[PDB]
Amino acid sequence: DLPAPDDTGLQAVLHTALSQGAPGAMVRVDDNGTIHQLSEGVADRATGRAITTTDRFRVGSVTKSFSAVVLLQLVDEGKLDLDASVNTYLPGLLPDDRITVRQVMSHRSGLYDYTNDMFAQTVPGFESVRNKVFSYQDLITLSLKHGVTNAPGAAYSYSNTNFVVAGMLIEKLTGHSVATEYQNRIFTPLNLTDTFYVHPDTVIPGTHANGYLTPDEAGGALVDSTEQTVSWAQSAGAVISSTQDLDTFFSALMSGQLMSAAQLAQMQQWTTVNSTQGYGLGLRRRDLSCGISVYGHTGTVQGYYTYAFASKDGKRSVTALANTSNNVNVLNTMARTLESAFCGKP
């Protein structure tokens, strides 16, 4: 009973994003078995190669939904209790035993986000970490140089630190790398042939969109940010995928294929973000103008803005990508793909 997707409106969104500084922008809709696919602009601005909806890209913080699915399958298996203390599983990690796994997964832990220090200056910060390899503990120690910012559970405050903890939990409780767990629990069963976790490798396998970091100086030249370790994010940000594979993943999630019903319900217990948005457990809700809510996640790793959202039953999914970042006009414009794709023509 959804409106038809509006391709003319999608086309206008991409064209606007280009006019605001995205080298390329694209979107794929899987509408209950009917595909919509549009792209405009360039995957590589120096060579001129066109962007296309099959280009792989860095999904950034969409990674948190993959990490959350692994953790919730561990809850299904009896290996993890969401209301247990992080420090019960990782003794001595955090300065407060009251911080629970559920709080970290919903950004209610109070843990300071180290990435504000790292990327205070956008391009210098990128140059500082792009070729660094961090352990999970290194990143937690960077957070803990600062006090928590709120009491456990008390407020929503997004922090990459939370999903660094998530990766440490995954590796401790399984004895495997997050790469292995993602592959065995998600990428292989869903046949996500364009989806990878290669950290700390800097190469994007196969044909990909290059990423272009916008400098903090208005009008400044773009920086190619395609090749980096993403070691500053890991289980908070380092998955590589495609529009088809993120559509498959969020459709599978919402249609109940990736965990028990009970754990999907836990994943959708919404913490208020604003009057039109919530945060579950590694999962975002956005409320659209026509009265529809959609479910998924955004990403903003250097040079790539991703939106990947599905309807409640998974039957319609949409993934949009612009290959720039640090450009709020572009970021806001690309959100409009969800309106056109789900709410259709005005």
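Counting begins at 1, following the sequence as shown.
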query: Which of 273 to 281 and 64 to 72 has higher mean CA B factor, as the PDB entry lists it; finding: 273 to 281
query: Stretch exceeding the other in mean C-alpha B-factor - 249 to 257, 234 to 242; finding: 249 to 257
query: Top residue by Cα temperature factor, when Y114, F126, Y212, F163 are compared in the entry; finding: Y114
query: CA B-factor ranking of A46, expressed as a third of its chain; finding: middle
query: Third assignment of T195 from its chain's C-alpha B-factors; finding: lowest
query: B-factor third for the C-alpha atom of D287 within its chain; finding: highest
query: Chain third (lowest, middle, highest) by recorded CA B-factor, residue given as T324; finding: lowest
query: Lowest, middle or highest third - CA B-factor, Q183; finding: middle
